[PDB]
Amino acid sequence: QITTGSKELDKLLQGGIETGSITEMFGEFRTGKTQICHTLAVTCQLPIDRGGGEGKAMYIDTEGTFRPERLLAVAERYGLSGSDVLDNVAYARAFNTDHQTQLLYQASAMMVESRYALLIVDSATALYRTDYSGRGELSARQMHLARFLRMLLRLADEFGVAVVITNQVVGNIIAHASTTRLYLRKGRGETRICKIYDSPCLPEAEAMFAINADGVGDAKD
Amino acid sequence: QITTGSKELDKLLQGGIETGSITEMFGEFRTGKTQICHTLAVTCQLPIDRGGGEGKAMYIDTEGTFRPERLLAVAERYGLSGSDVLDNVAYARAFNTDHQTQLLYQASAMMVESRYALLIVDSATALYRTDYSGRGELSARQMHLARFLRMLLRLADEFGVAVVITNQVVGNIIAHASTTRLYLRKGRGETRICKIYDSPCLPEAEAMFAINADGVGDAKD
Amino acid sequence: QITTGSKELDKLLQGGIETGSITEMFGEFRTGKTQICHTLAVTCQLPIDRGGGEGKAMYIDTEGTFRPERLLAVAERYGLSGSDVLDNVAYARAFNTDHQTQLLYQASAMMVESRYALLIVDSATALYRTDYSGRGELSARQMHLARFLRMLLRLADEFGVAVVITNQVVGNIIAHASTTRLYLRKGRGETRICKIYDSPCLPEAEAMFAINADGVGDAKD
DNA sequence: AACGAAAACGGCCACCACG
DNA sequence: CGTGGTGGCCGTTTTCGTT
């Protein structure tokens, strides 16, 4: 179980993400999906006794929001070497849906030589909206997304890593494929509300957390 | 941080625009978006110790409002050579959305040979309204705008320059992409009210400034 | 500053029209736009010490309202030779928007050989409504008007002449291009109310004037 | 008796207003 | 900002008139 670094969120998840499965967090923009991704990108490298996976991180960005400085802040919060964190995070920006899936081909071969624990795909659904904008082409983007999700599941079962994808809510296919769906909504200021909206094992429940300069971290009224 | 040349606005932004990110200023017509652009087009060339970026400026105009004389006024205000300011500002008028995006192809290659600090796109959303006026073609202009914004983010991360685009409020996609949204409204006479309407780091707050012959400059009751 | 020949209007404008810039007067029909044009067509020829520009006049008519006799009346009011006034006013009626813009080609070359101070375009927006009456052709007339306005600004900067265009209010593009917007409304009888509705330098303010056989001239209760 | 044109009705889309 | 309602425009079908 990879620690989220929010204790309340860890309790909500019973200790953190299950490696080897896809966890989807759907919420409005600015809810902190990207911030949680940046935090996990570092916490994954933490020792297992500290809630990490003792593995490198993979950040596939489609939205430009990748900040190595956020990774440095998370590393210094938990006392990890920021330089080693950036050395254990491989980053690449996907320009389109086809490029987004093509990066998985390099990811599968690269993930064999080194132990990874986390795969991050940020604005995973944005490129299927920007690229495929027509109505007759909807089935094509749905097929590409389906294949992409199957590839995610395959890599998860192959390397035993956690698969994190982010969705902006301004597909029903992900429900059966994703094991845990988390709904994120803004509480005013920088403090966010998290809700579980389906889990066969986890209750439907809510937990409050905040977005702090160092971290994605528990709410401290 | 590129100085806005309004001290109150600089305080509002904590010192000025972050280079390497897109800052959107949405407001009514005649609020001073273009005036701020003209001021920044010169202030960017200022020394870093003076709040500049020590880089050349790029003005992509779609509305005809480009005035080299305004640049000369800003240069003489801060004591910069007006001729050198015009020599460090490359200007081109986009005739359509396709031409607006096509100019980015020349911009990316040209921005490699010389250091730039500011990219200005004035009436950035006007051409998507004048060109794409139908209702069935809305998705096409939205896709073109999405690609344009992604190109802006790519150039920002590539050259570490500030990306400034102006929007007339007589898209929701820009919210996640733009880092700082500023709402501009008219105070009567030539003095304008600025408000921050989203920033993960900057407070929602307001600052009063004026539009002076020399400058975009602090309000002086 | 070209005298309007109304003292109250001159005070409203701080002495008269700035040459080298476009001044737009928007108002209802019969408010006196054409009358003001006829008056200025003669006052421009007045000595600079008398509020003129010591230059010839250019009247481009689209509405048939051109009256040389009104020019003769204005000339005799200020004591100018009516025959020389008509000799210093070149007149041409535009039959369409394309012809209206085409006349500018003859105007630019003709304005080089002799000094002019005033360019008048009467019912400037009427031909874009009579010619382009459909809804799909709106962008075409807007583009033609935009190019026409840019040509006006170019000629203004080239010859340092005043650019006067008249608009019947039974485009938002002119706002940034026009420097001074004047709203004209009828006071009953022949006495008209003038209001300034935008000027970066001139206050929003009003002045009362009348339309007299000799002149456009101050209100005399 | 057949074909073409005109008029009327219905449905869909867009814009405006209200919550 | 989103949803619902109303109005306008366009397309299709039916009926009538003319060849």
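The residue numbers of chain A are those assigned by Swiss-Prot, with the residues present covering 101-270, 289-339 sequentially.
Method reported for this entry: electron microscopy, 7.8 Å.
Placed from the backbone N, Cα and C atoms, the Cβ positions cover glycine too.
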Feature phosphothreonine, as given in Swiss-Prot - residue among A:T131, A:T201, A:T309: A:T309
Given ranges A:213-228, A:245-260, the stretch to which Swiss-Prot attaches the annotation motif 'Nuclear export signal': A:245-260
Cα-Cα distance in Å between A:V270 and A:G289, where 18 residues go unmodelled: 13
Filtered A:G127, A:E128, A:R130, A:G132, A:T134, A:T309 - recorded positions with C-beta under 8 A from chain B: A:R130
Sequence-distant neighbours of A:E128 (ATP binding site) in its chain (C-beta under 8 A, six or more apart): A:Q268, A:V269, A:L302, A:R303, A:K304
CB-centroid shell, 8 A cutoff, ATP site A:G127, A:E128, A:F129, A:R130, A:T131, A:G132, A:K133, A:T134, site residues removed: A:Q268, A:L302, A:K304, A:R310
Three-state secondary structure, A:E128 (ATP binding site) (per DSSP): coil
Rounded distance in angstrom between the Cα atoms of A:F129 (ATP binding site) and A:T309 (phosphothreonine): 14
Cβ atoms near A:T309 (phosphothreonine) (within 10 Å, other residues, all chains): 17
DSSP-assigned states of the motif 'Nuclear export signal' (A:245-260) in counts, ordered helix, strand, coil: 15 helix, 0 strand, 1 coil
Integer Cα-Cα distance in angstrom, A:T134 (ATP binding site) to A:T309 (phosphothreonine): 14
